[PDB]
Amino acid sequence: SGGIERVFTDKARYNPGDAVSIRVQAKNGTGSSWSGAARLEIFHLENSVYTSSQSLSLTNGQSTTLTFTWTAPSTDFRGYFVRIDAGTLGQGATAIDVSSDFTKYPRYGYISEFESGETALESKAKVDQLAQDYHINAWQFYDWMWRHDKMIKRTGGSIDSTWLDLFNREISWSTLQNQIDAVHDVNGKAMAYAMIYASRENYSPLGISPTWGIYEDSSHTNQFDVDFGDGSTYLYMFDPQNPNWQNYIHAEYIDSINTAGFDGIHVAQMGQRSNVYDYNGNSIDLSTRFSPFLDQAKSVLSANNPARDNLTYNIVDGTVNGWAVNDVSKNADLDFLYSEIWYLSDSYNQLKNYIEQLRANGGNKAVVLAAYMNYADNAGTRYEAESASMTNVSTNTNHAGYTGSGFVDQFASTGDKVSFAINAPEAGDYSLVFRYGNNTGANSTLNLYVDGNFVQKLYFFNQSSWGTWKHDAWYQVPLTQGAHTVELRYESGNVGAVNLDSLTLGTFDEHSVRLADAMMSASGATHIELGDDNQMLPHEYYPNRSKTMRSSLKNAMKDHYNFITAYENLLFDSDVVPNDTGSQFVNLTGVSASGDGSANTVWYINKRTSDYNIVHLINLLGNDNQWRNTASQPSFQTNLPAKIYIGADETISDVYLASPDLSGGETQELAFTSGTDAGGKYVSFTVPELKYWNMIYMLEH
């Protein structure tokens, strides 16, 4: 098997003029010798712009790697599709982005691990995989810093080679510096995460004054804080418009750029706080105070280094006219916009409208969303704990909300054990996720053994009652294909007790993820969801690996990111705008349609540039209108008729459709007819295949 195994480029973005080196990795699986050619074609949208061929002979079972050189055309900010054809050996694809500045088309990843064991080679590997497979061109470095108010730890004037972060992880300077070097190698940019307004506890001896702080009340009595739950460890919050706090923390931003080599600062925040005072007791609206900080930030960064002055800011809890949404997106000197969605834009449609507001408020600046998929779902293959092998503990049913036929109780003493026999369909990482109850008044622990080896002590959090199930006890392990044993053991020095409901191989649901990303991108945004060593982002604490992508979803992602890179001019460009105004329409014979992402339908979103009329179809057949929750496989459709009404205005030369779902997102020309109905001007064609997302672009001349 295989054929064309990988297609990718040495770097994630290129400048105009750069030599671009397309690699193609091929392997003959057909138990025979093979001789033929591999043909390279590169398109800018509908138009072929380079073609080339190389002869290829391979014995039975032989692998090789071809290289095709290309030069990036001098028009800046253009994306290209890439096809490789090898006849009977197979085909493949990738995409190329020619853009001098990543902030126009951000494809944002992350890094959250900085382990000392990590070699420069491993660091390059993780960066290289994301850059090659998805064209990630910027990375958010998460929880790299020592302290929030002192990001680089020094002993005298000497940088400490390792340090411990607020959750006691060991951060390595050299690992960090290697990863940054690697990001740069692929023409990546590196964004340091940093708060706008946070110090850590016991701040006064770092010369920070409480008089710079924000307060819950007007007697300067309680400083807004963030409590990490151990009585020691806190963030304290400060006034973004205070000139001393700006002075202090912008000097840290700069230290970070200049010492670590970052290309900018990803500024975070906690979200909405109400009834906010300064030290002196003047009531203040915290939501208008971020962009004066950000303006000042931008200006001291651009003065320090125009090449490394990138800036974004987390608009937390995003939604149409959400807190700080308007002030930030309209008045902050940010290179691009960023927003963490929680529960105010739960429908595909609501989230579309938020993206549109953002894109409109910012002057078609790029928007990136953080939106952790399947966040509330225990998604993946479930193994009931009542159906496993348990010792000195028995099943029960006497507390509601379990899955299956019950759960294992009284898992409270030495020698108690539960063994699950699981199958791993493919070698890879697996998130072992346990659903459980704990009402002992504290944290509870068990020891986790895989195939007879201990792997980690595991914490089970205390809860409001034994009626209440959580599933935030997990650990991620590598596994070979085939059978394995996963075992929890109550041993010596384990504490508390738990009811165990089940084990789950925490898995992102391909269906929901494909839909969510098509929506986001048709709407005009990107999604930060990939990082470290091909992990997908399950939670706001980025080191969290309670879900894993299986290979089926990895491939769809490679397709998705190929797609949004080749078609970035049609998806993201400065002049790409909705057609919401007017009153347009689309008809699909056989299937319901909607313009507002209604449940169990197909969804048209109509957009335009001056060159093209664009309609995205997104297949919500068989699924609700919520973007985040898991979903069923939608009803794929074949040879489906459509008619798109337009205006008396438009004349349409050709019709084109590309989809990540089909031939890796290559563009097909479609046959079609024109004319007029009672409803108005119209055009018509058969959509050969709709799976999750088709984009229809129709050339207007």
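Start at 1 and count along the sequence shown; that's the residue number.
For the segment pair 464-472 and 184-192, the entry gives 464-472 the higher mean B-factor, averaged over Cα atoms. Just going by the entry, 434-442 versus 151-159 on mean CA temperature factor gives the higher value to 434-442. Of the candidates 577, 206, 300, 505, the PDB record gives 577 the highest C-alpha temperature factor. Remark: residue 538 belongs to the lowest third of its chain, ranked by C-alpha B-factor as recorded.
Annotation for residue 77: CA B-factor lies in the middle third of the chain's modelled residues.
In this PDB entry, the Cα temperature factor of residue 583 sits in the top third of its chain's modelled residues, the highest group. When all modelled residues of the chain are sorted by CA temperature factor, residue 340 is found within the lowest third. For residue 412, the recorded CA temperature factor ranks within the highest third of the chain's modelled residues.
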